[PDB]
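Trainee: Quick one: this structure, given as structure tokens, is what I'll be asking you about.
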Amino acid sequence: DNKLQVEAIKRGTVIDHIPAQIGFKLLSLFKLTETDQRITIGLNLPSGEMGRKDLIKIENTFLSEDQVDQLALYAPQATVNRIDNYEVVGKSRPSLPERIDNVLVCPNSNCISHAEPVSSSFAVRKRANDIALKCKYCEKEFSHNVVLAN
Amino acid sequence: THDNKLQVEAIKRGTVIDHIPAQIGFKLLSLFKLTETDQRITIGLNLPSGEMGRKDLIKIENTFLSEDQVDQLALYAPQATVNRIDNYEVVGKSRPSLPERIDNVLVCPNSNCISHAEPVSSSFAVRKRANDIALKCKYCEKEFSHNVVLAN
Amino acid sequence: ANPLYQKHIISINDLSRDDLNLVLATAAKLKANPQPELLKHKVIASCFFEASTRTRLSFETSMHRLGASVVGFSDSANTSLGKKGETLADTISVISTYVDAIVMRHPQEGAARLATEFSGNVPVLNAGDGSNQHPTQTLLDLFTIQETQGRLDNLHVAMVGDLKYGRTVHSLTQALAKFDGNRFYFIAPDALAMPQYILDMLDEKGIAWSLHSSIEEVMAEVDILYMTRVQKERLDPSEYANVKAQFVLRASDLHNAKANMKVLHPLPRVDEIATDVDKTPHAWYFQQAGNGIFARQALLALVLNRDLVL
Amino acid sequence: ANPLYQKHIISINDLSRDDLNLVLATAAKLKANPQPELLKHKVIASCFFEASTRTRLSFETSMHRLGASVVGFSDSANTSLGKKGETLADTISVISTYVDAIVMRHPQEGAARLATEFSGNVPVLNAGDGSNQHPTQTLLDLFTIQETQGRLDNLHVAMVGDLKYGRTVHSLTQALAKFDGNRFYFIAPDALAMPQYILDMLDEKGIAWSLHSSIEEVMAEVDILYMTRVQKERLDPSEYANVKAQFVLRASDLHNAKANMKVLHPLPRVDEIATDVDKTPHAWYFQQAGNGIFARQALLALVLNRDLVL
Amino acid sequence: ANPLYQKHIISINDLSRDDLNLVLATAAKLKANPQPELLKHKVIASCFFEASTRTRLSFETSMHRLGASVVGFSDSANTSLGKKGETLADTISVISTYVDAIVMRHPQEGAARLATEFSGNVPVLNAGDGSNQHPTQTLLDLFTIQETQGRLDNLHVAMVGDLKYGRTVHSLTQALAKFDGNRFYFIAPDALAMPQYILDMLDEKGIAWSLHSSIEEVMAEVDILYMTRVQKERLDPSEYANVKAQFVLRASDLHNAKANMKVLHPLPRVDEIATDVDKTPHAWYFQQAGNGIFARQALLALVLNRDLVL
Ligand SMILES: Nc1ncnc2c1ncn2[C@@H]1O[C@H](COP(=O)(O)OP(=O)(O)OP(=O)(O)O)[C@@H](O)[C@H]1O
Ligand SMILES: Nc1ncnc2c1ncn2[C@@H]1O[C@H](COP(=O)(O)OP(=O)(O)OP(=O)(O)O)[C@@H](O)[C@H]1O
Ligand SMILES: Nc1ncnc2c1ncn2[C@@H]1O[C@H](COP(=O)(O)OP(=O)(O)OP(=O)(O)O)[C@@H](O)[C@H]1O
Ligand SMILES: Nc1ncnc2c1ncn2[C@@H]1O[C@H](COP(=O)(O)OP(=O)(O)OP(=O)(O)O)[C@@H](O)[C@H]1O
Ligand SMILES: O=C(O)C[C@H](NC(=O)CP(=O)(O)O)C(=O)O
Ligand SMILES: O=C(O)C[C@H](NC(=O)CP(=O)(O)O)C(=O)O
Ligand SMILES: O=C(O)C[C@H](NC(=O)CP(=O)(O)O)C(=O)O
Ligand SMILES: [Mg+2]
Ligand SMILES: [Mg+2]
Ligand SMILES: [Zn+2]
Ligand SMILES: [Zn+2]
């Protein structure tokens, strides 16, 4: 027959219930694949809670509450499982962070952040049912949908 | 037997791209736009390998690489293995054949090449060599290492 | 220490109603009773990376009326940033080893905020950063509005012209919104409208504001007519239809205006205020400019002198 | 049809020894007895996107000597590509609906090849594309070498100066390498050496070539001394140390020359050939230029006429 | 004499339906069987005071195909008007003592009309005068429409883009309006709408026209989709919001097109027609350009020959 098998991880993180099409986006942003650690990704998996979902497993790697919170912009209904000795030892859900640093680029062409050795930074807030991001430097505010990443 | 919620199903029909060198797997996913599908996909990055120590691995259901993608794969990951699967079985297995031309995806490193300014598809004569592989631009006629070019 | 001692002064959005009132109270006192040696032995940097007449000269004048010395530049072309490719970060990193405060104007939004991240313990005072903020303009404006209306609350305030790129009206609207019951009329071309982050802030505070297409609609009601220049140096090429003042105030436009109403303008004006307005008792933009001395003296005192003055 | 009828003439790489000999034989005949109506009723575009004296004027004269009409431009600045943003692609797309052949010089490598993808059945002749190829220069060069030496085989040929950016020597080396037993001497600054893909071609054909740091080093044995200009409009700023001629030929350097040796230069020269060379029997760059007429007539005649009887 | 013998060709307004049909019939004949000596012993001036690729090169090619000689310039910078202050009046006054006809393009409206007041018996052909008229473009346009549609009546014609500054559509609309039962769809930004004097002419002839904000709105019913370039060298600074193509045609927009529909564009295009359109059967802008040869030959032949027998 065959030797097909996916060996459960001893220690690390399992990001579950990622909405369809978002899994690859998370990998791209947070540079999750820039590591020598074993990673396992399932995309378009069947789900009871969601119908379709993506799933990211990363060995020997953990996310702080803030790192988990960054995920709220993209996958708010995701579950982040911390794993030690093959056991789910922690389950967290992303709560909207107060700031998003480093990964996004201010869309204002005249912002000082583009010309100088600083890291991007936006304050995060709910506006209607949109998420508004206010650049720490130029203080202009944008819909998160138009604020690109690096 | 509790654990039966942890074992990915084999594919009935589709492709398994194996022996991808480390750090290439994720690159292939973007370049081939593979994740832009509703088909089930599983990916292993930095997996143990007898043949090559560490490797990446991509499996896609009900889906096959296009001739474009197969030709480009020969360049990105020459030692990678393409497995075609029907009825849960490997019916075809091969290292992708090097093509003679690669169009559209590469960028000529000659900055004064006309191909940058104009609405034409890039094109490079591909010839296999000793240590690397040579790409000669259809327009400027200059020849480069795929190393210099694949640093697009 | 007073609340503002050694504080960076970057954005009105970082200040409270109490901070603003503290500046104004200090201004009254120093105008009443100048303390010509309050800042003796201070050396302050005056660093202007874009053009200025009022802000730079009033700031430097304020520094000398308080006894401080002044170093700096009125353009960047002959700094090492101008000729040798130095970053602004490195410029601030060295200048902040020389002086007791840095006053800076810069053409990019966020410049003054960035400077604070490299100035260590040296306070940065934002003399204007692109089309973002102009907090010391707001201080002198508040002082002037108080001087002529007797209060900062329950006022009718019209702002006219380029509201999108007016760093002056961004700062001033945020500041007046910290006071109770003020009402706003925004008279701007569609393309240069007040930005959404300002309007959202007003809505959150339940402040009333509306858009008008003419000065005449609001003239009867207004206590403060705040005219602005089109910020042509900030305009995208797509916005070049808006270079000419869309609204021109003339003396005849002032018939049905309240006797308490003042016309303000951060200056320079192009044609948005005709010269015939100058002689009318409503014109107060030159008086407004002169109050920059008291506001800026006040701010330097609060930032560089530990105790409240008397 | 003759082998060159309706063919694009883009790169010496695409031509055989027989093709080159055909042009040379055809040129010898047209020089011997002219055919003034050979291209009657042809209109040919001369499109120069960078400077030229010899190539454009000899090409146009050639067209007229064969009875053709000429349209075009010596500068792109007043075409719609120069003023309205038009691509080279579209430019060729329309011009190829007007004329029977297109002669083009362009500052980017590949421009002529690209034109062939838009010109349909209209042949494109490459009058120079960046630092890549210059096939018609090579045609006249071969013709001149053949005339003076009696052969294109077993020659000793030195090429001096900017070999990196010299499209002239890229084409000439390739062509001479299609003949037997030629030996090459490359005299160039390191930063401007003959490129490797040329040397590789010489190697895989087992052709002897060597590098030298002086002309006197090889003066006594060369049949053809091919001088070149530093292509300063092509140099990277990092290569400005090489702007001046590194090798300057003077009449006195020719004391040990073979009597039959000729000095060639595709022209224009700056200082690499001193004016005292001009009077010597070895100077042949002006006669070479004059031969552009017969090579270019020959090329046009073979491309636009199915069969020639001469 | 034919109706157009020795006539100036300045504005479509001065021509009748019969005049236009004469050129079209004459062009069809010259395309069918060429007359290479028809303008033998004529010398014609080609005077371009602004950029051109198609108009100047097709005109000059046309002259050569008919056996005429050509003198002139593609830039005024090296004429005595460009360097010595000479008026256009004097320029035409002397050139009209040399040549048998004058083809002129100029950046000011009226320039060609003015030339006719100084050229005496020498006919002036307007190759474009500012944003006013472009009669020879219209001649080739009509010829292309006639070829592809079989008629110049009862067409559905859409014109897209910059209709305000498009001298091409000013002339084309006027000409099509001399035929019966055509219907027009104008798809343009407000700031660049078809001018009122054109619409008025349509009204007083009872011709149906309407305005639309999209191409898909009319795709299913148009016989001719006439795309245009934004005339950015004509825009007032206040109109720079319109510099980018507002309407971009792509292959996928043609899914519901009439099978016989053709996409035209006087060229050059910037982005208003995507390159993926080129391969579709509806793309006809290059064939259109190619027809400039037959329309311009026809015009020259009718103006310079008393009677034609073909
Ligand atoms: N040792 C392990 N190695 C790899 N994956 C694991 C391991 N342990 C758990 N997982 C995966 O992490 C997630 C853990 O969730 P859990 O074990 O609670 O299942 P669950 O009850 O379905 O979770 P939820 O209630 O959040 O849907 C599952 O997606 C499971 O596949
Ligand atoms: N390491 C892995 N790589 C790829 N796919 C996996 C991996 N582990 C499990 N899967 C697949 O993920 C799918 C969903 O499993 P999971 O345990 O998340 O479902 P669930 O918990 O019952 O549903 P819900 O997502 O609602 O909690 C299964 O079909 C399984 O085959
Ligand atoms: N039905 C299937 N579904 C999913 N994955 C499969 C399926 N069949 C095979 N594979 C995977 O595709 C690859 C097929 O290789 P194969 O079965 O020949 O093993 P192998 O002998 O190790 O191959 P190789 O010699 O190329 O290393 C394996 O990595 C396997 O895990
Ligand atoms: N679907 C999968 N997802 C993630 N990891 C996998 C999957 N299938 C196999 N692996 C991992 O990859 C490793 C090697 O897989 P496999 O047996 O297919 O290759 P191999 O033949 O052992 O190695 P190689 O062919 O490279 O010498 C295994 O140890 C397993 O942990
Ligand atoms: O420039 C304006 O129109 C308003 C305002 N003006 C000033 O600060 C006065 P000045 O530029 O002379 O220092 C500004 O934002 O710079
Ligand atoms: O420019 C050179 O030095 C060599 C060569 N020269 C010529 O073709 C002569 P011209 O530029 O006058 O046509 C060239 O590549 O253009
Ligand atoms: O320029 C245009 O967009 C349309 C029109 N175009 C042409 O005549 C083609 P050309 O400018 O190449 O002669 C014109 O009015 O000049
Ligand atoms: Mg679950
Ligand atoms: Mg294996
Ligand atoms: Zn910003
Ligand atoms: Zn190239």
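Letters for chains follow the order of the structure tokens (A, B, ...), residue numbers begin at 1 for each chain, and ligand numbers begin at 1 in the order shown.
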Once you count only C-alpha atoms, what closest atom pair and distance in Å to one decimal does each residue of chain D within 9 Å of chain E have, with rows by chain and rising residue number, as JSON lines?
Mentor:
```
{"residue": "D:41", "atom": "CA", "partner": "E:65", "partner_atom": "CA", "distance": 6.9}
{"residue": "D:42", "atom": "CA", "partner": "E:65", "partner_atom": "CA", "distance": 8.2}
{"residue": "D:43", "atom": "CA", "partner": "E:61", "partner_atom": "CA", "distance": 6.8}
{"residue": "D:44", "atom": "CA", "partner": "E:61", "partner_atom": "CA", "distance": 8.9}
{"residue": "D:45", "atom": "CA", "partner": "E:57", "partner_atom": "CA", "distance": 8.9}
{"residue": "D:69", "atom": "CA", "partner": "E:64", "partner_atom": "CA", "distance": 6.5}
{"residue": "D:70", "atom": "CA", "partner": "E:61", "partner_atom": "CA", "distance": 8.1}
{"residue": "D:71", "atom": "CA", "partner": "E:57", "partner_atom": "CA", "distance": 6.5}
{"residue": "D:72", "atom": "CA", "partner": "E:57", "partner_atom": "CA", "distance": 6.8}
{"residue": "D:73", "atom": "CA", "partner": "E:74", "partner_atom": "CA", "distance": 8.4}
{"residue": "D:77", "atom": "CA", "partner": "E:51", "partner_atom": "CA", "distance": 7.8}
{"residue": "D:78", "atom": "CA", "partner": "E:51", "partner_atom": "CA", "distance": 4.4}
{"residue": "D:79", "atom": "CA", "partner": "E:53", "partner_atom": "CA", "distance": 4.9}
{"residue": "D:80", "atom": "CA", "partner": "E:52", "partner_atom": "CA", "distance": 5.2}
{"residue": "D:81", "atom": "CA", "partner": "E:53", "partner_atom": "CA", "distance": 7.9}
{"residue": "D:82", "atom": "CA", "partner": "E:51", "partner_atom": "CA", "distance": 7.8}
{"residue": "D:83", "atom": "CA", "partner": "E:51", "partner_atom": "CA", "distance": 6.3}
{"residue": "D:84", "atom": "CA", "partner": "E:268", "partner_atom": "CA", "distance": 7.1}
{"residue": "D:85", "atom": "CA", "partner": "E:270", "partner_atom": "CA", "distance": 6.5}
{"residue": "D:86", "atom": "CA", "partner": "E:268", "partner_atom": "CA", "distance": 5.7}
{"residue": "D:87", "atom": "CA", "partner": "E:270", "partner_atom": "CA", "distance": 8.3}
{"residue": "D:90", "atom": "CA", "partner": "E:268", "partner_atom": "CA", "distance": 7.7}
{"residue": "D:91", "atom": "CA", "partner": "E:53", "partner_atom": "CA", "distance": 7.5}
{"residue": "D:93", "atom": "CA", "partner": "E:286", "partner_atom": "CA", "distance": 6.8}
{"residue": "D:94", "atom": "CA", "partner": "E:286", "partner_atom": "CA", "distance": 6.0}
{"residue": "D:95", "atom": "CA", "partner": "E:54", "partner_atom": "CA", "distance": 7.4}
{"residue": "D:96", "atom": "CA", "partner": "E:290", "partner_atom": "CA", "distance": 8.4}
{"residue": "D:97", "atom": "CA", "partner": "E:290", "partner_atom": "CA", "distance": 4.9}
{"residue": "D:98", "atom": "CA", "partner": "E:58", "partner_atom": "CA", "distance": 6.4}
{"residue": "D:99", "atom": "CA", "partner": "E:61", "partner_atom": "CA", "distance": 7.5}
```
Trainee: Once you have the residues from the selection above, write them out as a tab-separated table (two decimals), in the first residue's frame, restricted to N, CA, C and O atoms.
Mentor:
```tsv
chain	number	residue	atom	x	y	z
D	41	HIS	N	10.53	52.15	-56.93
D	41	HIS	CA	9.22	51.94	-56.30
D	41	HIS	C	9.26	51.33	-54.89
D	41	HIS	O	8.23	50.94	-54.35
D	42	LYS	N	10.45	51.28	-54.30
D	42	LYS	CA	10.57	50.93	-52.89
D	42	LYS	C	10.63	52.21	-52.07
D	42	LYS	O	11.25	53.20	-52.49
D	43	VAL	N	9.97	52.21	-50.92
D	43	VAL	CA	10.11	53.26	-49.92
D	43	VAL	C	10.62	52.58	-48.66
D	43	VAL	O	10.04	51.57	-48.21
D	44	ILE	N	11.69	53.11	-48.09
D	44	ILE	CA	12.37	52.46	-46.98
D	44	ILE	C	12.43	53.42	-45.80
D	44	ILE	O	12.73	54.60	-45.96
D	45	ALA	N	12.14	52.93	-44.60
D	45	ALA	CA	12.23	53.79	-43.42
D	45	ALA	C	13.63	53.77	-42.83
D	45	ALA	O	14.22	52.70	-42.66
D	69	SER	N	13.06	55.43	-52.43
D	69	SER	CA	12.74	56.63	-51.66
D	69	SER	C	12.99	56.33	-50.19
D	69	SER	O	13.02	55.16	-49.81
D	70	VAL	N	13.15	57.37	-49.38
D	70	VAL	CA	13.45	57.19	-47.95
D	70	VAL	C	12.55	58.08	-47.10
D	70	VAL	O	12.38	59.27	-47.39
D	71	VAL	N	11.97	57.50	-46.05
D	71	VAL	CA	11.28	58.29	-45.02
D	71	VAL	C	11.86	57.91	-43.66
D	71	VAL	O	12.52	56.88	-43.52
D	72	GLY	N	11.62	58.74	-42.64
D	72	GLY	CA	12.11	58.40	-41.32
D	72	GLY	C	12.44	59.58	-40.43
D	72	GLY	O	11.84	60.65	-40.53
D	73	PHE	N	13.41	59.36	-39.53
D	73	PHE	CA	13.83	60.38	-38.59
D	73	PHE	C	15.21	60.07	-38.03
D	73	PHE	O	15.59	58.90	-37.91
D	77	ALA	N	12.77	62.51	-30.86
D	77	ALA	CA	12.20	63.58	-30.04
D	77	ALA	C	10.92	64.17	-30.62
D	77	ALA	O	10.12	64.70	-29.88
D	78	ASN	N	10.73	64.09	-31.94
D	78	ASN	CA	9.50	64.63	-32.53
D	78	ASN	C	8.58	63.58	-33.16
D	78	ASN	O	7.70	63.90	-33.97
D	79	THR	N	8.79	62.33	-32.78
D	79	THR	CA	7.86	61.26	-33.12
D	79	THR	C	6.84	61.21	-31.98
D	79	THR	O	7.02	61.87	-30.95
D	80	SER	N	5.78	60.42	-32.13
D	80	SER	CA	4.80	60.30	-31.06
D	80	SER	C	5.32	59.45	-29.90
D	80	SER	O	4.78	59.49	-28.80
D	81	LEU	N	6.39	58.68	-30.14
D	81	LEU	CA	7.12	57.98	-29.08
D	81	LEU	C	7.88	58.99	-28.20
D	81	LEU	O	7.99	58.81	-26.99
D	82	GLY	N	8.39	60.04	-28.83
D	82	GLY	CA	9.10	61.07	-28.09
D	82	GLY	C	8.17	62.01	-27.34
D	82	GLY	O	8.54	62.49	-26.28
D	83	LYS	N	6.97	62.30	-27.86
D	83	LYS	CA	6.13	63.31	-27.21
D	83	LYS	C	4.81	62.83	-26.62
D	83	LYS	O	4.23	63.52	-25.78
D	84	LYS	N	4.32	61.67	-27.05
D	84	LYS	CA	2.99	61.23	-26.61
D	84	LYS	C	2.99	59.89	-25.87
D	84	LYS	O	1.93	59.32	-25.61
D	85	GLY	N	4.18	59.39	-25.54
D	85	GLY	CA	4.31	58.16	-24.76
D	85	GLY	C	4.21	56.85	-25.55
D	85	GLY	O	4.12	55.78	-24.95
D	86	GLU	N	4.24	56.92	-26.88
D	86	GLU	CA	4.02	55.71	-27.67
D	86	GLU	C	5.15	54.69	-27.48
D	86	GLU	O	6.32	55.07	-27.41
D	87	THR	N	4.80	53.41	-27.42
D	87	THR	CA	5.80	52.35	-27.31
D	87	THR	C	6.55	52.15	-28.63
D	87	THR	O	6.07	52.59	-29.67
D	90	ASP	N	4.29	49.79	-30.92
D	90	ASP	CA	3.28	50.44	-31.75
D	90	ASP	C	3.90	51.23	-32.91
D	90	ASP	O	3.37	51.23	-34.02
D	91	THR	N	5.00	51.90	-32.63
D	91	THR	CA	5.74	52.65	-33.64
D	91	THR	C	6.07	51.76	-34.85
D	91	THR	O	5.81	52.14	-35.99
D	93	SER	N	4.68	48.84	-35.48
D	93	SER	CA	3.39	48.34	-35.97
D	93	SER	C	2.77	49.22	-37.06
D	93	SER	O	2.23	48.70	-38.05
D	94	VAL	N	2.84	50.54	-36.90
D	94	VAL	CA	2.31	51.42	-37.93
D	94	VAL	C	3.30	51.66	-39.08
D	94	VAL	O	2.91	51.57	-40.24
D	95	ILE	N	4.56	51.95	-38.78
D	95	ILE	CA	5.55	52.18	-39.84
D	95	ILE	C	5.64	50.99	-40.82
D	95	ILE	O	5.87	51.18	-42.01
D	96	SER	N	5.42	49.78	-40.32
D	96	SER	CA	5.50	48.60	-41.16
D	96	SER	C	4.27	48.43	-42.06
D	96	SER	O	4.20	47.50	-42.85
D	97	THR	N	3.29	49.32	-41.94
D	97	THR	CA	2.20	49.35	-42.91
D	97	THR	C	2.50	50.32	-44.05
D	97	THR	O	1.75	50.37	-45.03
D	98	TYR	N	3.59	51.09	-43.93
D	98	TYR	CA	3.92	52.12	-44.91
D	98	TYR	C	5.02	51.74	-45.88
D	98	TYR	O	4.98	52.12	-47.06
D	99	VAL	N	6.03	51.03	-45.38
D	99	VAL	CA	7.30	50.89	-46.09
D	99	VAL	C	7.62	49.44	-46.41
D	99	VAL	O	6.98	48.53	-45.89
```
Trainee: Kindly compile the residues surrounding ligand 3 within 6 Å, counting only C-alpha atoms and all ligand atoms, and format them as a list in words.
Mentor: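 Checking only C-alpha atoms and all ligand atoms against ligand 3 at 6 Å gives residues 4 of chain A; 10, 11, 12, 16, 88, 89 and 90 of chain B.
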Trainee: Write to file, as a short mmCIF file (atom, residue, chain, number, x, y, z; two decimals), in the first residue's frame, the residues of the selection just made, with C-alpha atoms.
Mentor:
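And here's out_25.cif as it stands now:
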```
data_model
loop_
_atom_site.label_atom_id
_atom_site.label_comp_id
_atom_site.auth_asym_id
_atom_site.auth_seq_id
_atom_site.Cartn_x
_atom_site.Cartn_y
_atom_site.Cartn_z
CA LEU A 4 1.65 7.89 4.18
CA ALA B 10 -4.25 10.15 0.81
CA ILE B 11 -5.25 11.65 -2.53
CA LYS B 12 -7.35 9.70 -5.03
CA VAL B 16 2.77 15.20 -5.23
CA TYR B 88 -4.50 6.50 -4.93
CA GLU B 89 -1.48 5.22 -6.88
CA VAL B 90 1.68 6.78 -8.34
#
```
Trainee: Could you write out, as a count of residues only, all the residues of segment 168-307 of chain E that DSSP marks as strand (DSSP E or B)?
Mentor: 18
Trainee: Produce as a PyMOL selection string the set of residues near ligand 1, where near means within 7 Å with only C-alpha atoms and all ligand atoms considered.
Mentor: (chain A and resi 7-10+14+16+57+79+81+83+86-88) or (chain B and resi 5-6)
Trainee: Using N, CA, C and O atoms, can you export the residues from the last selection as a short mmCIF file (atom, residue, chain, number, x, y, z; two decimals), in the first residue's frame?
Mentor:
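File written: out.cif
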```cif
data_model
loop_
_atom_site.label_atom_id
_atom_site.label_comp_id
_atom_site.auth_asym_id
_atom_site.auth_seq_id
_atom_site.Cartn_x
_atom_site.Cartn_y
_atom_site.Cartn_z
N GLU A 7 2.99 12.71 11.35
CA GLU A 7 3.34 12.52 12.76
C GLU A 7 3.02 13.75 13.60
O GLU A 7 3.51 14.85 13.33
N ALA A 8 2.19 13.55 14.62
CA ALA A 8 1.81 14.61 15.55
C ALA A 8 3.06 15.28 16.11
O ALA A 8 4.10 14.65 16.24
N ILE A 9 2.94 16.56 16.44
CA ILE A 9 4.08 17.29 16.97
C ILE A 9 4.13 17.18 18.49
O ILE A 9 3.10 17.11 19.16
N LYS A 10 5.36 17.13 19.01
CA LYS A 10 5.60 17.06 20.44
C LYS A 10 5.40 18.43 21.05
O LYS A 10 4.67 18.60 22.03
N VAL A 14 -0.27 25.13 16.77
CA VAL A 14 -1.20 24.75 15.74
C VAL A 14 -2.21 25.87 15.60
O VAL A 14 -2.97 26.14 16.54
N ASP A 16 -5.47 26.85 14.07
CA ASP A 16 -6.60 26.10 13.53
C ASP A 16 -7.72 27.06 13.16
O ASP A 16 -7.70 28.24 13.54
N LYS A 57 0.74 24.15 11.22
CA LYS A 57 1.40 23.56 12.38
C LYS A 57 2.87 23.87 12.31
O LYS A 57 3.51 23.61 11.29
N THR A 79 -8.33 29.53 16.07
CA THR A 79 -7.90 29.00 17.36
C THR A 79 -6.40 28.76 17.35
O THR A 79 -5.88 28.10 16.45
N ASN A 81 -3.53 26.89 19.22
CA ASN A 81 -3.20 25.86 20.18
C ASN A 81 -1.72 25.79 20.48
O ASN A 81 -0.91 25.53 19.58
N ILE A 83 1.21 23.66 22.09
CA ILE A 83 1.35 22.22 22.22
C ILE A 83 2.65 21.83 22.92
O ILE A 83 3.73 22.26 22.52
N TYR A 86 2.82 16.60 23.08
CA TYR A 86 1.76 16.12 22.21
C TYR A 86 0.36 16.56 22.64
O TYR A 86 -0.64 16.19 22.01
N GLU A 87 0.28 17.36 23.71
CA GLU A 87 -1.01 17.76 24.26
C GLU A 87 -1.31 19.23 24.04
O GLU A 87 -0.44 20.09 24.20
N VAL A 88 -2.55 19.52 23.65
CA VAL A 88 -3.06 20.88 23.61
C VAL A 88 -3.06 21.42 25.02
O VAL A 88 -3.92 21.06 25.83
N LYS B 5 -8.17 11.64 14.18
CA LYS B 5 -8.55 12.99 13.81
C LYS B 5 -7.29 13.73 13.34
O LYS B 5 -7.34 14.91 13.00
N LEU B 6 -6.17 13.01 13.32
CA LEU B 6 -4.87 13.61 13.04
C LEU B 6 -4.20 13.07 11.78
O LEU B 6 -3.07 13.45 11.47
#
```
Trainee: For the interface of chain A with chain C (cut-off 6 Å, counting only C-alpha atoms), please tabulate each contacting residue of chain A alongside its nearest pair of atoms and their separation in Å to one decimal, rows sorted by chain and increasing number, as CSV.
Mentor:
```
residue,atom,partner,partner_atom,distance
A:110,CA,C:108,CA,5.5
A:111,CA,C:109,CA,4.9
A:112,CA,C:108,CA,5.4
A:137,CA,C:110,CA,4.0
A:138,CA,C:110,CA,4.3
```
Trainee: Contacts of residue 193 of chain C at 6 Å or less, counting only C-alpha atoms, minus same-chain residues fewer than 3 places along, as a compact mmCIF listing (two decimals) with N, CA and C atoms, in the first residue's frame?
Mentor:
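See result23.txt below for the written result:
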```txt
# COMPACT_ATOMS: atom_id res chain seq x y z
N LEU C 163 -8.84 72.28 3.67
CA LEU C 163 -8.92 71.60 4.96
C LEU C 163 -8.21 70.25 4.95
N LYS C 164 -8.00 69.70 3.76
CA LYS C 164 -7.36 68.40 3.66
C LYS C 164 -5.90 68.52 4.03
N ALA C 188 -15.12 74.10 2.06
CA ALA C 188 -13.96 73.66 1.31
C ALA C 188 -14.42 73.09 -0.01
N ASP C 190 -14.67 70.09 -2.63
CA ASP C 190 -14.83 68.66 -2.35
C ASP C 190 -13.49 67.96 -2.22
```
Trainee: Kindly work out which residues sit at most 12 Å from ligand 11, using only C-alpha atoms and all ligand atoms, and give the list as JSON, numbers by chain.
Mentor: {"B": [106, 107, 108, 109, 110, 111, 112, 113, 114, 115, 116, 117, 118, 120, 121, 122, 123, 124, 125, 135, 136, 137, 138, 139, 140, 141, 142, 143, 144, 149], "D": [108, 109, 110, 111, 113, 114, 129, 130, 131, 132]}
Trainee: Give me, as a ChimeraX atom specification, the set of residues whose atoms come within 8 Å of any atom of ligand 4, counting only C-alpha atoms and all ligand atoms.
Mentor: /A:3-7,39-41 /B:8,10,18-19,42-45,47-55,57-59
Trainee: If you count only C-alpha atoms, which residues fall within 7 Å of segment 16-25 of chain C, apart from same-chain ones fewer than 6 positions away, as a list in words?
Mentor: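 What passes the distance filter is residues 143, 178, 179, 295, 298 and 299 of chain C.
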Trainee: Could you take the residues named above and write them with C-alpha atoms, as a PDB file, in the first residue's frame?
Mentor:
```pdb
ATOM      1  CA  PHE C 143      -5.077  82.441  22.558  1.00  0.00           C
ATOM      2  CA  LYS C 178     -11.706  69.362  23.507  1.00  0.00           C
ATOM      3  CA  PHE C 179     -13.933  72.219  24.632  1.00  0.00           C
ATOM      4  CA  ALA C 295       1.967  81.384  22.889  1.00  0.00           C
ATOM      5  CA  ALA C 298       4.578  80.284  27.089  1.00  0.00           C
ATOM      6  CA  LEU C 299       5.382  76.906  25.524  1.00  0.00           C
TER       7      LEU C 299
END
```
